[PDB]
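**Q** Pasting in a structure now, in C-alpha cells, and then I'll have a few things to ask.
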Amino acid sequence: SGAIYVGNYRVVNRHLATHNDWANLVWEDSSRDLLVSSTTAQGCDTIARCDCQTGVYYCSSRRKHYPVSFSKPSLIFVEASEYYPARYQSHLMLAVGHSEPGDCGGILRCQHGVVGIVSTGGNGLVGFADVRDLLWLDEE
Ligand SMILES: CSc1ccccc1CC(=O)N1CC[C@](O)(c2c[nH]nn2)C1
Ligand SMILES: [Zn+2]
C-alpha cells in the first residue's frame with residue numbers, strides 16, 4: 001500500500017488502484033505500473049527533478065527506511081505474478097534490498113524530493129517506478 005499526493009493528483013501502483021481512482025482517472029500506464037487519479041484537497045509531496053542514483057525508501061514489511069543505490073529508469077524484465085504476466089516494465093529502477101508484495105507504494109526519495117514508489121521485488125532486489133519525468137504533475 002502507498003501513494004504520492006502532488007497538487008490535485010494521487011499517484012498509486014496501477015495494480016493496487018481502488019474503485020474511486022478509476023471513477024476519477026487522470027492517466028494510467030500498465031507497462032509502467034502507474035495510475036494517477038484526481039483529489040479534492042491539495043497535496044504537498046515535492047517530485048524530484050534530477051538524475052539522482054542514491055536515496056531512501058520505506059519498506060512496510062520491516063517498518064523501516066533504507067538508504068539505497070539504484071539504477072537509472074530502464075526497460076527491465078519482471079516475473080509473472082497475479083497482477084501482470086511476465087513482461088518488460090518501463091521506467092524501472094532496481095536496488096539491492098528487501099521487498100515484499102505489500103511493500104508496493106513505499107516512496108523512494110532523494111535530497112530533491114520524491115523519485116518514485118515500490119513496484120517490483122523478490123530475490124533480494126526492490127524495484128521502483130520512476131515519476132521524475134512526469135513534469136505535468138506539478139502544473140495544471
Ligand atoms: C514488491 S513486489 C515483490 C516483492 C517480493 C516478491 C515478489 C514481488 C513481485 C510481486 O509480487 N508483484 C506484484 C505486482 C508487482 O508489484 C508488479 C509487477 N510489475 N509491476 N508491478 C510485482
Ligand atoms: Zn535527487
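Letters A, B, ... mark the chains of the C-alpha cells in the order given; residue numbers begin at 1 per chain; ligand numbers begin at 1, in order shown.
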Can you tell me which residues surround stretch 30-41 of chain A at a distance of at most 8 Å, considering only C-alpha atoms, apart from same-chain residues fewer than 5 positions away, and format the answer as a list in words?

**A**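 Near neighbours after the sequence-gap exclusion: residues 7, 8, 9, 10, 11, 12, 13, 14, 15, 17, 21, 22, 24, 25, 88, 89, 90, 91, 92, 119 and 129 of chain A.
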
**Q** Create the file for the chosen residues now, containing N, CA and C atoms and written as a PDB file, in the first residue's frame.

**A**
```pdb
ATOM      1  N   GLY A   7      -0.149  18.230  -5.678  1.00  0.00           N
ATOM      2  CA  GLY A   7      -1.188  19.140  -6.173  1.00  0.00           C
ATOM      3  C   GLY A   7      -2.607  18.590  -6.089  1.00  0.00           C
ATOM      4  N   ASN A   8      -3.331  18.491  -7.219  1.00  0.00           N
ATOM      5  CA  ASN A   8      -4.671  17.870  -7.200  1.00  0.00           C
ATOM      6  C   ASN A   8      -4.629  16.413  -7.768  1.00  0.00           C
ATOM      7  N   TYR A   9      -3.451  15.717  -7.661  1.00  0.00           N
ATOM      8  CA  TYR A   9      -3.237  14.319  -8.129  1.00  0.00           C
ATOM      9  C   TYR A   9      -2.882  13.328  -6.994  1.00  0.00           C
ATOM     10  N   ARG A  10      -3.189  12.036  -7.225  1.00  0.00           N
ATOM     11  CA  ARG A  10      -2.846  10.909  -6.364  1.00  0.00           C
ATOM     12  C   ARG A  10      -2.096   9.916  -7.260  1.00  0.00           C
ATOM     13  N   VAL A  11      -0.857   9.551  -6.924  1.00  0.00           N
ATOM     14  CA  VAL A  11      -0.116   8.555  -7.708  1.00  0.00           C
ATOM     15  C   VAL A  11      -0.046   7.264  -6.910  1.00  0.00           C
ATOM     16  N   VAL A  12      -0.566   6.165  -7.450  1.00  0.00           N
ATOM     17  CA  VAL A  12      -0.549   4.831  -6.824  1.00  0.00           C
ATOM     18  C   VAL A  12       0.057   3.786  -7.830  1.00  0.00           C
ATOM     19  N   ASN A  13       0.208   2.517  -7.398  1.00  0.00           N
ATOM     20  CA  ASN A  13       0.591   1.395  -8.241  1.00  0.00           C
ATOM     21  C   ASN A  13      -0.681   1.031  -8.970  1.00  0.00           C
ATOM     22  N   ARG A  14      -0.640   1.037 -10.315  1.00  0.00           N
ATOM     23  CA  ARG A  14      -1.779   0.713 -11.178  1.00  0.00           C
ATOM     24  C   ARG A  14      -2.546  -0.562 -10.729  1.00  0.00           C
ATOM     25  N   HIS A  15      -1.805  -1.638 -10.273  1.00  0.00           N
ATOM     26  CA  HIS A  15      -2.343  -2.962  -9.817  1.00  0.00           C
ATOM     27  C   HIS A  15      -3.074  -2.915  -8.455  1.00  0.00           C
ATOM     28  N   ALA A  17      -4.706   0.132  -7.613  1.00  0.00           N
ATOM     29  CA  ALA A  17      -5.630   1.242  -7.804  1.00  0.00           C
ATOM     30  C   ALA A  17      -7.074   0.851  -7.391  1.00  0.00           C
ATOM     31  N   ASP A  21     -10.233   5.493  -7.671  1.00  0.00           N
ATOM     32  CA  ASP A  21      -9.146   6.008  -8.502  1.00  0.00           C
ATOM     33  C   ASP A  21      -9.621   5.992  -9.962  1.00  0.00           C
ATOM     34  N   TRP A  22     -10.316   4.907 -10.386  1.00  0.00           N
ATOM     35  CA  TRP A  22     -10.837   4.771 -11.748  1.00  0.00           C
ATOM     36  C   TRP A  22     -12.034   5.724 -12.030  1.00  0.00           C
ATOM     37  N   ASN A  24     -12.176   8.559 -11.225  1.00  0.00           N
ATOM     38  CA  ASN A  24     -11.553   9.879 -11.295  1.00  0.00           C
ATOM     39  C   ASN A  24     -10.165   9.803 -11.966  1.00  0.00           C
ATOM     40  N   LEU A  25      -9.981   8.859 -12.900  1.00  0.00           N
ATOM     41  CA  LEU A  25      -8.727   8.605 -13.606  1.00  0.00           C
ATOM     42  C   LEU A  25      -8.200   9.837 -14.326  1.00  0.00           C
ATOM     43  N   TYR A  88       8.200  -6.826 -19.875  1.00  0.00           N
ATOM     44  CA  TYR A  88       9.150  -5.752 -19.578  1.00  0.00           C
ATOM     45  C   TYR A  88       8.381  -4.522 -19.070  1.00  0.00           C
ATOM     46  N   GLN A  89       8.738  -4.084 -17.868  1.00  0.00           N
ATOM     47  CA  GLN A  89       8.163  -2.895 -17.291  1.00  0.00           C
ATOM     48  C   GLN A  89       9.143  -1.774 -17.576  1.00  0.00           C
ATOM     49  N   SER A  90       8.622  -0.634 -18.056  1.00  0.00           N
ATOM     50  CA  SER A  90       9.438   0.546 -18.363  1.00  0.00           C
ATOM     51  C   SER A  90       9.574   1.479 -17.151  1.00  0.00           C
ATOM     52  N   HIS A  91      10.575   2.391 -17.209  1.00  0.00           N
ATOM     53  CA  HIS A  91      10.897   3.397 -16.183  1.00  0.00           C
ATOM     54  C   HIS A  91      11.153   2.761 -14.792  1.00  0.00           C
ATOM     55  N   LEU A  92      11.737   1.556 -14.804  1.00  0.00           N
ATOM     56  CA  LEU A  92      12.001   0.823 -13.572  1.00  0.00           C
ATOM     57  C   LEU A  92      13.442   0.998 -13.125  1.00  0.00           C
ATOM     58  N   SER A 119       7.431  -1.072  -6.869  1.00  0.00           N
ATOM     59  CA  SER A 119       6.653  -1.706  -7.902  1.00  0.00           C
ATOM     60  C   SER A 119       7.031  -3.185  -8.080  1.00  0.00           C
ATOM     61  N   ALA A 129       9.130   2.343  -9.544  1.00  0.00           N
ATOM     62  CA  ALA A 129       8.502   3.028 -10.654  1.00  0.00           C
ATOM     63  C   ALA A 129       8.899   4.525 -10.577  1.00  0.00           C
TER      64      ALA A 129
END
```

**Q** Distance limit 6 Å, reference ligand 2, atoms considered: only C-alpha atoms and all ligand atoms. Which residues make the cut? Give them as a PDB file with N, CA and C atoms, in the first residue's frame.

**A**
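Listing of result_25.pdb after writing:
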```pdb
ATOM      1  N   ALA A  48      11.028  14.922  -7.224  1.00  0.00           N
ATOM      2  CA  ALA A  48      12.416  15.218  -7.542  1.00  0.00           C
ATOM      3  C   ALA A  48      12.531  15.424  -9.062  1.00  0.00           C
ATOM      4  N   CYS A  50      15.585  15.424 -11.153  1.00  0.00           N
ATOM      5  CA  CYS A  50      17.004  15.148 -11.052  1.00  0.00           C
ATOM      6  C   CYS A  50      17.429  13.789 -11.712  1.00  0.00           C
ATOM      7  N   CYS A  52      19.453  11.633  -9.718  1.00  0.00           N
ATOM      8  CA  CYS A  52      19.998  11.021  -8.507  1.00  0.00           C
ATOM      9  C   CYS A  52      19.951   9.528  -8.624  1.00  0.00           C
ATOM     10  N   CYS A 110      15.112  11.226  -2.644  1.00  0.00           N
ATOM     11  CA  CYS A 110      16.479  11.690  -2.641  1.00  0.00           C
ATOM     12  C   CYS A 110      16.483  13.065  -1.888  1.00  0.00           C
ATOM     13  N   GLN A 111      17.564  13.859  -2.026  1.00  0.00           N
ATOM     14  CA  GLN A 111      17.592  15.222  -1.473  1.00  0.00           C
ATOM     15  C   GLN A 111      16.648  16.187  -2.249  1.00  0.00           C
ATOM     16  N   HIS A 112      16.298  15.863  -3.501  1.00  0.00           N
ATOM     17  CA  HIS A 112      15.458  16.700  -4.369  1.00  0.00           C
ATOM     18  C   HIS A 112      13.963  16.510  -4.189  1.00  0.00           C
TER      19      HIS A 112
END
```

**Q** Can you write out as CSV which residues of chain A fall within 10 Å of ligand 1, alongside each residue's closest atom pair and its distance in Å to one decimal, counting only C-alpha atoms and all ligand atoms and ordering rows by chain and ascending residue number?

**A**
```
residue,atom,partner,partner_atom_place_in_ligand_line,distance
A:13,CA,ligand 1,21 (N),7.3
A:14,CA,ligand 1,21 (N),8.0
A:15,CA,ligand 1,14 (C),6.6
A:16,CA,ligand 1,14 (C),8.6
A:30,CA,ligand 1,20 (N),8.0
A:31,CA,ligand 1,20 (N),7.5
A:32,CA,ligand 1,20 (N),7.0
A:33,CA,ligand 1,20 (N),5.0
A:34,CA,ligand 1,20 (N),8.7
A:59,CA,ligand 1,1 (C),9.3
A:61,CA,ligand 1,4 (C),10.0
A:76,CA,ligand 1,19 (N),9.8
A:77,CA,ligand 1,19 (N),8.9
A:78,CA,ligand 1,19 (N),5.9
A:79,CA,ligand 1,18 (C),7.0
A:80,CA,ligand 1,18 (C),7.2
A:81,CA,ligand 1,11 (O),5.7
A:82,CA,ligand 1,13 (C),6.8
A:83,CA,ligand 1,14 (C),5.3
A:84,CA,ligand 1,18 (C),5.9
A:85,CA,ligand 1,18 (C),8.0
A:86,CA,ligand 1,18 (C),8.2
A:87,CA,ligand 1,19 (N),8.0
A:88,CA,ligand 1,19 (N),8.3
A:89,CA,ligand 1,19 (N),6.3
A:90,CA,ligand 1,20 (N),9.3
A:92,CA,ligand 1,20 (N),9.0
A:98,CA,ligand 1,5 (C),7.9
A:99,CA,ligand 1,4 (C),4.7
A:100,CA,ligand 1,4 (C),3.6
A:101,CA,ligand 1,2 (S),4.1
A:102,CA,ligand 1,1 (C),6.7
A:103,CA,ligand 1,1 (C),5.4
A:104,CA,ligand 1,1 (C),5.2
A:105,CA,ligand 1,1 (C),8.7
A:106,CA,ligand 1,1 (C),9.4
A:117,CA,ligand 1,1 (C),9.8
A:118,CA,ligand 1,1 (C),6.0
A:119,CA,ligand 1,16 (O),4.3
A:120,CA,ligand 1,2 (S),3.9
A:121,CA,ligand 1,3 (C),3.5
A:122,CA,ligand 1,6 (C),3.6
A:123,CA,ligand 1,6 (C),7.2
A:124,CA,ligand 1,5 (C),8.2
A:125,CA,ligand 1,4 (C),8.2
A:126,CA,ligand 1,1 (C),6.3
A:127,CA,ligand 1,1 (C),6.9
A:128,CA,ligand 1,1 (C),8.7
A:129,CA,ligand 1,20 (N),8.3
```

**Q** Tell me which protein, DNA and RNA residues are within 9 Å of residue A:109, counting only C-alpha atoms, leaving out same-chain ones fewer than 2 positions away, and put them as an NGL selection string.

**A** :A and (47-48 or 54-57 or 107 or 111-117)

**Q** Among stretch 5-137 of chain A, which residues carry a DSSP assignment of strand (DSSP E), reported as a ChimeraX atom specification?

**A** /A:5-13,25-29,34-44,54-59,64-69,74-78,87-96,107-109,114-120,125-130

**Q** Residues of chain A in helix (DSSP H, G or I) according to DSSP, as a ChimeraX atom specification?

**A** /A:14-16,19-22,101-103,135-137

**Q** Considering only C-alpha atoms, can you say which of A:18, A:139, A:97, A:132 comes closest to residue A:49?

**A** A:132

**Q** Near residue A:44, within 9 Å and counting only C-alpha atoms, which residues show up once chain neighbours fewer than 3 positions away are dropped, as a PyMOL selection string?

**A** chain A and resi 4-7

**Q** Write a file of the selected residues as a PDB file, in the first residue's frame, keeping N, CA, C and O atoms.

**A**
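Produced file again04.pdb, reproduced below:
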```pdb
ATOM      1  N   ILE A   4       1.523   8.863  -3.613  1.00  0.00           N
ATOM      2  CA  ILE A   4       2.116  10.187  -3.682  1.00  0.00           C
ATOM      3  C   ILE A   4       0.965  11.207  -3.862  1.00  0.00           C
ATOM      4  O   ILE A   4       0.071  11.000  -4.680  1.00  0.00           O
ATOM      5  N   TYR A   5       0.967  12.287  -3.071  1.00  0.00           N
ATOM      6  CA  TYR A   5      -0.037  13.344  -3.208  1.00  0.00           C
ATOM      7  C   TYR A   5       0.678  14.621  -3.589  1.00  0.00           C
ATOM      8  O   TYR A   5       1.351  15.215  -2.747  1.00  0.00           O
ATOM      9  N   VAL A   6       0.604  14.973  -4.892  1.00  0.00           N
ATOM     10  CA  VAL A   6       1.196  16.147  -5.538  1.00  0.00           C
ATOM     11  C   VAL A   6       0.075  17.004  -6.180  1.00  0.00           C
ATOM     12  O   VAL A   6      -0.604  16.513  -7.082  1.00  0.00           O
ATOM     13  N   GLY A   7      -0.149  18.230  -5.678  1.00  0.00           N
ATOM     14  CA  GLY A   7      -1.188  19.140  -6.173  1.00  0.00           C
ATOM     15  C   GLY A   7      -2.607  18.590  -6.089  1.00  0.00           C
ATOM     16  O   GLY A   7      -3.061  18.242  -5.005  1.00  0.00           O
TER      17      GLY A   7
END
```
